[PDB]
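A short write-up of the structure that comes next.
4 protein chains.
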Amino acid sequence: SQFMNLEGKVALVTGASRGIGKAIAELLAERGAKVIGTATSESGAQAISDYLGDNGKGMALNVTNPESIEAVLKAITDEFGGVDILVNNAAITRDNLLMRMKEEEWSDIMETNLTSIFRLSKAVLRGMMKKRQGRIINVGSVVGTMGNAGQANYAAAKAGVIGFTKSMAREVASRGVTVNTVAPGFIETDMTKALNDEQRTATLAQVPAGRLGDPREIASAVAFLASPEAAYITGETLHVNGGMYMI
Amino acid sequence: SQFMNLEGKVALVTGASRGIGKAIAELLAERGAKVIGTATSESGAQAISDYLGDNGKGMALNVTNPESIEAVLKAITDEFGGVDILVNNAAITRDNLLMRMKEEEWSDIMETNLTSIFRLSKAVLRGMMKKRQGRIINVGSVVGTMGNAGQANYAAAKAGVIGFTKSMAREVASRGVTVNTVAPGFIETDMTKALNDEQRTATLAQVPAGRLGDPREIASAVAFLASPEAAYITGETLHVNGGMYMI
Amino acid sequence: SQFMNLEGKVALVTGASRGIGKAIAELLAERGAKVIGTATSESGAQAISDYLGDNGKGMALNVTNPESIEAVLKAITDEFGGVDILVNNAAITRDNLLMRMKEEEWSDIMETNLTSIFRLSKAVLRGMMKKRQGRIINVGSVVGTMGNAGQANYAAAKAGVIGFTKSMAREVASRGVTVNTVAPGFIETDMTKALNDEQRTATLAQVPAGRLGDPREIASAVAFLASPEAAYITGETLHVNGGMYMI
Amino acid sequence: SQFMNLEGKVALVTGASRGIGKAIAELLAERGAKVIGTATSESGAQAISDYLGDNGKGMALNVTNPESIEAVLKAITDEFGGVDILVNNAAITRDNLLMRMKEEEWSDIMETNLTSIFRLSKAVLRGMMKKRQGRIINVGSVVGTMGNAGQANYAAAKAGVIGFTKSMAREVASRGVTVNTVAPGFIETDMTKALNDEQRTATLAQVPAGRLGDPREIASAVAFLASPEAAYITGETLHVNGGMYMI
Numbered sequence: 002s003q004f005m006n007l008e009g010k011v012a013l014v015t016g017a018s019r020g021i022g023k024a025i026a027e028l029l030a031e032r033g034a035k036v037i038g039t040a041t042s043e044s045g046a047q048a049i050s051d052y053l054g055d056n057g058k059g060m061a062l063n064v065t066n067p068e069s070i071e072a073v074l075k076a077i078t079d080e081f082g083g084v085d086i087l088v089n090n091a092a093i094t095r096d097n098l099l100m101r102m103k104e105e106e107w108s109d110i111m112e113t114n115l116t117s118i119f120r121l122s123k124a125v126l127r128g129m130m131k132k133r134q135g136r137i138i139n140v141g142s143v144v145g146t147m148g149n150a151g152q153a154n155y156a157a158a159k160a161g162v163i164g165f166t167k168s169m170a171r172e173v174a175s176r177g178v179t180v181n182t183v184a185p186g187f188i189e190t191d192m193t194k195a196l197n198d199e200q201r202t203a204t205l206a207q208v209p210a211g212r213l214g215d216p217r218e219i220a221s222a223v224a225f226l227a228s229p230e231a232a233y234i235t236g237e238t239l240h241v242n243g244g245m246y247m248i
Numbered sequence: 002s003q004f005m006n007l008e009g010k011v012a013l014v015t016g017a018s019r020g021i022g023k024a025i026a027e028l029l030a031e032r033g034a035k036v037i038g039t040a041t042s043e044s045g046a047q048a049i050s051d052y053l054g055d056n057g058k059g060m061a062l063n064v065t066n067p068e069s070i071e072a073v074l075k076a077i078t079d080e081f082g083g084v085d086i087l088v089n090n091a092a093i094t095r096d097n098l099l100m101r102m103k104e105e106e107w108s109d110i111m112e113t114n115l116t117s118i119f120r121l122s123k124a125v126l127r128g129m130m131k132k133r134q135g136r137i138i139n140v141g142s143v144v145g146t147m148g149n150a151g152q153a154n155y156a157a158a159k160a161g162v163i164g165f166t167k168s169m170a171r172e173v174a175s176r177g178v179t180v181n182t183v184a185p186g187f188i189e190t191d192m193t194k195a196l197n198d199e200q201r202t203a204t205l206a207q208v209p210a211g212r213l214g215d216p217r218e219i220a221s222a223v224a225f226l227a228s229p230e231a232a233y234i235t236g237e238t239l240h241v242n243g244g245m246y247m248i
Numbered sequence: 002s003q004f005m006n007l008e009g010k011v012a013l014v015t016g017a018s019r020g021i022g023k024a025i026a027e028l029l030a031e032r033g034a035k036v037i038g039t040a041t042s043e044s045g046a047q048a049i050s051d052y053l054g055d056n057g058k059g060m061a062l063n064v065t066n067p068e069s070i071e072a073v074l075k076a077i078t079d080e081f082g083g084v085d086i087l088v089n090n091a092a093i094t095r096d097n098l099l100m101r102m103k104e105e106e107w108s109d110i111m112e113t114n115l116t117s118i119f120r121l122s123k124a125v126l127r128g129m130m131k132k133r134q135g136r137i138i139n140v141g142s143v144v145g146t147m148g149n150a151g152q153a154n155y156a157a158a159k160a161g162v163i164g165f166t167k168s169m170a171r172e173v174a175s176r177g178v179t180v181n182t183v184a185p186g187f188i189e190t191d192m193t194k195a196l197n198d199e200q201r202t203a204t205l206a207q208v209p210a211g212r213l214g215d216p217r218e219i220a221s222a223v224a225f226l227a228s229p230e231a232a233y234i235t236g237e238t239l240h241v242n243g244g245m246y247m248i
Numbered sequence: 002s003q004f005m006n007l008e009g010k011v012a013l014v015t016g017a018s019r020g021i022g023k024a025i026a027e028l029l030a031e032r033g034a035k036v037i038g039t040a041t042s043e044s045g046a047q048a049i050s051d052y053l054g055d056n057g058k059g060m061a062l063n064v065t066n067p068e069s070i071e072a073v074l075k076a077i078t079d080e081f082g083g084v085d086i087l088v089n090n091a092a093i094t095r096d097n098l099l100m101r102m103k104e105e106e107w108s109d110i111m112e113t114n115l116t117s118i119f120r121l122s123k124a125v126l127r128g129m130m131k132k133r134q135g136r137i138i139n140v141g142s143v144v145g146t147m148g149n150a151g152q153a154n155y156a157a158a159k160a161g162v163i164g165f166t167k168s169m170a171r172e173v174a175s176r177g178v179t180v181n182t183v184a185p186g187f188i189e190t191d192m193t194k195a196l197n198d199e200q201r202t203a204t205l206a207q208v209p210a211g212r213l214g215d216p217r218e219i220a221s222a223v224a225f226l227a228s229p230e231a232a233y234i235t236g237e238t239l240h241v242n243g244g245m246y247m248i
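Here it is in structure tokens:
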């Protein structure tokens with residue numbers, strides 16, 4: 002149908018090897034987008050190419066490196082045309098209580114989870130503004146809004162992306178580009194599967210819905226915001242957390 | 002497709018004669034819901050029957066009257082089965098600066114815009130919780146979050162709906178019912194069309210997107226939250242305001 | 002000192018017999034305000050007269066009754082001059098899960114906890130705006146922002162007060178009146194003392210600070226916003242909740 | 002009096018040469034704190050020493066340099082005892098629309114306005130936690146919550162400080178340390194005085210109060226949060242913006 006239809010859009014989804022990123026890439030492709038998913042390695046890029054088949058391709062991208070960003074966008078533009086939808090999903094954790102947090106653990110998070118968003122966003126924005134049409138969707142976290150003990154670096158970066166998003170949104174709204182954040186709660190992924198029973202139960206105790214989210218549920222929220230129908234949503238943070246936090 | 006598919010769901014959409022409510026009713030029907038839309042008058046109800054055709058019907062409902070609510074829900078359950086999706090869209094304005102605001106202008110807004118949501122939500126919840134599946138979606142306003150001079154009553158009611166929504170979300174999350182608000186900005190409606198050019202311009206000046214929203218844009222957000230895919234979103238307020246306010 | 006000095010200000014503090022309201026009345030008096038505190042009963046009012054002594058007096062006030070409001074304001078203006086600081090502290094609870102919540106439990110909370118704020122704020126605003134100086138401070142609750150199962154009525158009312166507060170703040174900012182909310186978390190009161198040990202423990206478990214708040218801690222926040230020094234704070238909600246919720 | 006009394010507290014106020022930082026340092030000293038204010042140069046440190054007289058001293062601090070931080074805290078501890086109140090006020094701007102924003106302009110803001118807060122906070126926290134008493138107050142900006150075109154870097158850093166603050170707050174609340182942000186709106190300073198008439202009027206048009214804030218008004222909010230009386234406020238953002246934004 003013509004509802005939530007992404008045919009004709011080119012989507013770049015960072016960190017698309019697995020979990021939330023993979024679910025995003027698959028759904029955008031299902032809705033008709035030509036999808037380029039990225040991983041930090043060629044092997045990862047190949048796995049992305051395999052799941053996407055005729056609907057797109059995988060590319061190796063170093064999200065903390067200017068040169069890689071330039072080569073990847075050049076290749077996408079040449080084959081597919083300009084990126085219409087950027088989904089900033091690639092992110093890392095370096096957890097520690099503040100008194101144990103290393104300088105490097107702070108700077109690695111800032112680099113990968115915040116400065117990367119500045120870099121990629123800037124790199125795709127010029128084409129979006131010329132077209133007067135574009136979507137930038139950041140995959141954040143409930144932690145950016147709620148805070149979390151042991152993750153002050155992660156929280157800082159995720160919260161920073163929201164402040165960046167609102168400012169970008171104000172800059173580019175009148176030119177038909179929207180900029181938004183989707184903030185997942187506790188989603189079932191390799192990382193959550195690696196927690197023990199006591200930790201899972203303690204985390205679930207804070208979720209009114211009483212279960213972990215599915216990566217597809219994050220995908221659906223991203224797909225919604227990517228759509229033509231979401232053109233009047235900008236500078237927003239869409240929380241998908243089963244009631245863990247309510248703003 | 003199976004995507005954002007409401008076949009098998011019965012939707013009650015209050016205040017569905019025109020504008021946002023009509024757009025909601027039409028889009029839910031398009032996505033496969035059986036839709037009952039309401040109006041104050043039997044002729045309004047017939048106009049709703051006429052635009053829905055085989056996909057539902059119109060009923061007269063007074064959202065401030067317990068007996069009317071009871072009769073309408075009875076008729077819906079009898080013919081369609083119990084309500085699966087409630088959209089609380091019926092609302093009024095009684096604008097005035099506080100020093101000119103009459104007691105009845107306050108109380109009428111409380112009754113129509115806040116108490117009605119209590120009454121209708123309570124009336125549909127029992128069925129939804131037995132089924133362990135449901136959706137309650139309130140159509141709010143940016144005014145509830147932002148405040149607006151000359152609309153302290155409307156703002157209070159709309160903000161109250163959010164408090165109600167968060168509490169109810171907490172109450173019924175573990176039983177598969179989500180409760181959310183869609184908060185429109187300045188949407189093109191009869192009321193906005195009746196503003197003079199200086200008033201329209203002044204309001205557009207506060208919208209980074211530089212245009213009014215379309216009722217279908219509000220409908221799209223409501224259809225998204227009504228969907229199976231939105232099961233992990235609860236206690237949330239989805240802002241659709243062209244960047245007029247950024248939370 | 003000249004710091005946080007309320008000499009020359011007349012303060013009306015509703016529901017000042019005990020707990021938070023009493024703490025507010027006492028601290029405003031300590032900072033030099035002439036304070037009128039209210040209770041429902043004449044014996045309550047006399048207890049307020051007794052603790053305030055030369056720094057003010059107690060009056061019986063029914064915050065849901067227009068005639069009572071008019072009589073009390075008349076008596077205050079006659080003896081003290083017009084109200085400069087209104088503290089809307091009087092509130093009740095009528096807890097129940099929504100399916101057990103009676104119509105009167107809903108309406109009584111709306112009347113006492115939200116409509117009263119409209120009525121009293123309107124009744125004092127004219128004087129404040131003629132003077133181009135005033136303070137309206139609502140005593141809210143973390144429940145208004147967080148939601149709470151079993152308190153959808155209380156949450157709605159408290160959230161409504163915030164919408165009202167933002168709108169009124171917008172209306173009267175340029176005329177030197179500020180309008181704000183103080184939102185307490187779990188504060189030690191008679192009601193909290195009547196909880197059993199399992200209930201107290203469970204609530205403390207949601208407070209990072211690991212204790213209940215003291216009524217004087219709420220009083221301090223109210224005195225701060227009442228001060229000349231807080232003239233640039235308006236439309237704000239000051240959370241005092243030991244980290245129970247972080248906005 | 003014993004109200005808002007900081008006698009016995011040692012306060013470190015970064016960027017205290019002028020404006021908001023100077024106003025903070027002066028008021029904390031007025032309320033009885035021993036105050037160390039910092040500047041980036043010895044000349045600045047001397048001017049701080051001059052205004053503080055017997056109530057404290059000025060010190061040169063490079064907020065983006067570990068070694069400077071260590072020497073300054075050592076000197077303070079030796080003479081005054083451990084820092085009880087840290088006010089992170091030092092911050093810079095490197096404004097530009099995103100398409101013109103240089104890599105260096107991003108990284109300079111991240112360094113000075115966000116990473117510095119991580120560094121200084123960590124450096125003072127151990128002593129505060131041993132004492133089970135402490136205040137960390139970040140001077141943020143309305144821009145961190147609202148966003149602002151031309152300041153996506155500044156907004157990102159300021160928003161990041163809030164996410165850091167909430168996480169720190171959750172980490173250290175049970176040990177009597179509070180961590181909060183004060184978010185100024187448009188405050189009269191050298192920078193605002195350097196704007197032309199058209200820019201000032203355009204900015205003032207967005208402030209309901211209809212004037213710029215005074216640095217002393219920011220100081221008062223900081224002093225309040227620094228006080229013993231604010232012990233039950235943590236993880237909070239206190240907005241002082243004349244209604245420019247209302248959360």
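Protein chains in written order, with the entry's author numbering: chain B, 2 to 248; chain A, 2 to 248; chain A', 2 to 248; chain B', 2 to 248. A prime marks a further copy of an entry chain. All C-beta atoms, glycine included, are put in the ideal place defined by N, C-alpha and C.
(request) Using a Cβ cut-off of 9 Å (strictly closer), state whether residue 1 (chain A') contacts chain B'. (result) The structure shown does not extend to residue 1 (chain A'), since chain A' spans only 2 to 248, so no value can be given for it.
(request) Can you tell me which of the three DSSP states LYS167 (chain A) falls into? (result) Three-state DSSP puts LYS167 (chain A) in a helix.
(message) I want to see whether chain A' comes within less than 9 Å of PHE225 (chain B'), judged by CB atoms only; does it?
(response) Closer than 9 Å to the CB of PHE225 (chain B') there is at least one CB belonging to chain A'.
(request) Keeping to the same chain, check which residues put their C-beta closer than 6 Å to that of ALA92 (chain B'); ignore five residues upstream and five downstream. (result) Cβ neighbours of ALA92 (chain B') beyond the five flanking positions: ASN114.
(request) Take the Cβ of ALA231 (chain B') as the centre, count every other Cβ of all protein chains shown within 10 Å, and call the residue buried at 16 or more, exposed below. (result) By the neighbour-count rule (16 or more Cβ atoms within 10 Å), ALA231 (chain B') is buried.
(message) For a quick check, are the C-beta atoms of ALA156 (chain B') and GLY145 (chain B') less than 9 Å apart?
(response) Yes, the Cβ-Cβ distance between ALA156 (chain B') and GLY145 (chain B') is below 9 Å.
(message) Rounded to whole angstroms, what is the Cα-Cα separation between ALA170 (chain A) and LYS159 (chain B)?
(response) Here the alpha carbon of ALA170 (chain A) sits roughly 25 Å from the alpha carbon of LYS159 (chain B).
(message) Tell me the rounded alpha-carbon separation between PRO67 (chain B) and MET102 (chain B').
(response) Those two C-alpha atoms are separated by around 14 Å.
(request) Could you confirm whether any beta carbon from chain B is found closer than 9 Å to the beta carbon of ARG171 (chain B')? (result) With 9 Å as the cut-off, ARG171 (chain B') counts as an interface residue toward chain B.
(request) Would you be able to state if there are at least three C-beta pairs under 8 Å between the region 6-23 of chain A' and the region 233-247 of chain A? (result) For the pair of segments examined, the region 233-247 of chain A was found not to touch the region 6-23 of chain A': the number of CB pairs separated by less than 8 Å stays below three.
(message) Here's the rule I'm using: 16 or more other beta-carbon atoms within 10 Å means buried, otherwise exposed. How should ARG133 (chain A) be labelled?
(response) It counts as exposed.
(message) Quick check for students: name the residue ranges of the beta strand (DSSP E) that lie wholly in the region 134-219 of chain B, counting only runs of 3 or more.
(response) Listed in chain order, they are 135-140 and 178-185.
(message) Let me see if you follow: with CB-CB separation under 9 Å, is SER228 (chain B') close to chain A' or not?
(response) Answer yes: the Cβ-Cβ gap between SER228 (chain B') and chain A' drops below 9 Å somewhere.
(message) Which residues in chain A' have a C-beta closer than 7 Å to the C-beta of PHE119 (chain A)? List them in chain order.
(response) By Cβ distance, chain A' contributes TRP107.
(request) Report yes if the CB atom of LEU28 (chain B') is closer than 9 Å to the CB atom of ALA224 (chain B'), and no otherwise. (result) It is a contact, given that the beta carbons lie within the stated cut-off.
(message) Let's see if you can read the secondary structure: which residues bound the beta strand (DSSP E) around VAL88 (chain B)?
(response) Run containing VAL88 (chain B): 86-89, per the beta strand (DSSP E) assignment.
(message) So if I threshold CB-CB distances at 8 Å, which residues from the region 144-173 of chain A' count as touching chain B?
(response) Residues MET147 and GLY148.
(request) Show which residues of chain A' have a CB atom less than 8 Å away from the CB atom of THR238 (chain B'). (result) Within chain A', the C-beta atoms nearer than 8 Å to that of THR238 (chain B') come from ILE248, in chain order.
(request) Just tell me which of B:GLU104, B:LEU121 and B:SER117 has its CA closest to the CA of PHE119 (chain B'). (result) Answer by Cα proximity: B:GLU104.
(request) Would you mind working out which of A:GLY20, A:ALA72, A:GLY57 and A:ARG19 sits nearest residue 1 (chain A), comparing C-alpha positions? (result) Here chain A has residues from 2 to 248 only, and residue 1 (chain A) is not among them.
(message) Using the three-state DSSP reduction, which class does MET100 (chain B') fall into: helix, strand or coil?
(response) In the structure shown, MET100 (chain B') sits in a helix (DSSP, three-state: H, G or I).
(message) Counting only Cβ-Cβ distances shorter than 8 Å, please list the residues of the region 173-192 of chain A near chain B, keeping chain order.
(response) The region 173-192 of chain A vs chain B, Cβ under 8 Å: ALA174, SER175 and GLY186.
(request) Pair every Cβ in the region 173-185 of chain B with every Cβ in the region 203-211 of chain B, then say whether three or more of these pairs are closer than 8 Å. (result) No: the two stretches stay apart, fewer than three of their Cβ pairs being nearer than 8 Å.
(message) Could you compute how far the alpha carbon of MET129 (chain B) sits from the alpha carbon of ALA220 (chain A)?
(response) Straight-line Cα distance between these residues: approximately 26 Å.
(request) For chain A', find out if any of its Cβ atoms is closer than 9 Å to the Cβ of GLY128 (chain B'); answer yes or no. (result) With 9 Å as the cut-off, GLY128 (chain B') does not count as an interface residue toward chain A'.
(request) Report all residues from its chain with a CB closer than 7 Å to the CB of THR235 (chain A'); omit the five preceding and five following residues, and keep chain order. (result) Excluding sequence neighbours, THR235 (chain A') sits near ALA170, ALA174, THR179, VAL180 and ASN181.
(request) Mark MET192 (chain A) as exposed unless 16 or more other C-beta atoms lie within 10 angstroms of its C-beta, in which case mark it buried. (result) Exposed.
(request) Compute the Euclidean distance between the alpha carbons of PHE187 (chain B') and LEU87 (chain A), then round it to the nearest angstrom. (result) The straight-line gap from Cα to Cα measures roughly 43 Å.
(request) Using the Cα positions of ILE138 (chain A') and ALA26 (chain B), report the straight-line distance between them to the nearest angstrom. (result) Taking the straight line joining both Cα atoms gives about 50 Å.
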